[PDB]
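In the form solved without this ligand, a lone chain appears below as structure tokens.
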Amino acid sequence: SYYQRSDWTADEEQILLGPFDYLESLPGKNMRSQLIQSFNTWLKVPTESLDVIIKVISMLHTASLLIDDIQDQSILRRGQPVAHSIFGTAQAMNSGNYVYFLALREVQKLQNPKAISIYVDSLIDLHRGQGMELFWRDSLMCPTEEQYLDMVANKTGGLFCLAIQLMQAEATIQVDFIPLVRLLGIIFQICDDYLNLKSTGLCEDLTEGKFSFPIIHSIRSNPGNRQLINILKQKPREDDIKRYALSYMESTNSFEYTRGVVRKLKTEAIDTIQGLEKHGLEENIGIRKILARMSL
């Protein structure tokens, strides 16, 4: 009687989604979507469910950008200012975790008894990946390549795998695509690492102190030289430190090593793609295109 509970208003949603709406208004390379499209060539998910899945994955992806940019302490995002440099850390963080749960509500629309478990297991894999990455960063402990790949499997596989698993759960065909999906996420992340250092901020991964795939190679290629790992500790904003690091990683042949690893991995994926097709699946051009987009 003294307290009268009010309904939630459009204006309040608008406030809560400010950081989220901002990010969504920035053009990006929409690739989770193309990945969904080219797996749908095989899975043929009914349209009403595919739209639900696409919206769930868009939401989760954007929400996790809000959070990752805060936790990585990035400065740019699709070339425009990072969401929390407009709205502040707290509202960006909370906006993104809010969207995690709007997405779960959206997922409930599949009215599929397995969809909740699929969502939970992905979000758990997500944070498990991002947690091991923060652990190495904060401890200055360089992982092995193998350790890095298991982490990437979790933390970039998480949403890749989430999308395809939901599609699988809504489709009639019972082929297991997840191993291939996980490969593509690993390739995607390794390419990302490479492009962050070699492509037209300058090497934001160095500023953030991240043990990325080529940085790992360079540090371990000659553990007697501690210049690179010490640069990571400094978390350098300066272009002159970054340019020096870049140059040292050239001397260790680490960009050549990464290119050859991506080559080896694309070859496994094509081989795998051909396996599924030699077993009664339509030839998939769209997925070969996706895999060509990653190349460097």
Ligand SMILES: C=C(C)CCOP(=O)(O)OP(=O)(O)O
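Residue numbers run from 1 along the displayed sequence.
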| item | value |
| --- | --- |
| Residue 200-residue 201 interval: deposited residues absent from the model | 4 to 9 |
| Greater mean Cα temperature factor according to the PDB record, 33-41 or 225-233 | 33-41 |
| 14-22 versus 284-292 - which carries the larger mean C-alpha B factor in the record | 284-292 |
| Candidate set 72, 170, 133, 121 [ranked by C-alpha B-factor, highest] | 72 |
| C-alpha B-factor winner, where the candidates are 261, 54, 67, 249 | 261 |
| Entry-reported Cα temperature factor of residue 162, expressed as the chain third it lands in | middle |
| Chain third (lowest, middle, highest) by recorded CA B-factor, residue given as residue 210 | middle |
| Chain third (lowest, middle, highest) by recorded CA B-factor, residue given as residue 175 | highest |
| Relative C-alpha B-factor of residue 146, binned into the chain's lowest, middle or highest third | middle |
| Ranked against its chain, the third holding the CA B-factor of residue 76 | highest |
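Heads up, the form deposited with this ligand bound isn't pictured, but that's what we're talking about next.
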{"query": "This ligand: the contacting residue among 220, 198, 127, 78 in the deposited bound form [heavy atom, 4.5 Å]", "finding": "78"}
{"query": "Selected contact from 267, 247, 30, 47, since only one has a non-hydrogen atom within 4.5 angstroms of this ligand in the deposited bound form", "finding": "30"}
{"query": "Segment assignment from 232-240, 251-259, 267-275, 30-38: heavy atom within 4.5 Å of this ligand in the deposited bound form", "finding": "30-38"}
{"query": "Touches this ligand in the deposited bound form: residue 194 (any heavy atom, 4.5 Å)", "finding": "no"}
{"query": "Exercise: residue 98 in contact with this ligand in the deposited bound form, heavy atom 4.5 Å", "finding": "no"}
{"query": "Exercise: residue 188 in contact with this ligand in the deposited bound form, heavy atom 4.5 Å", "finding": "yes"}
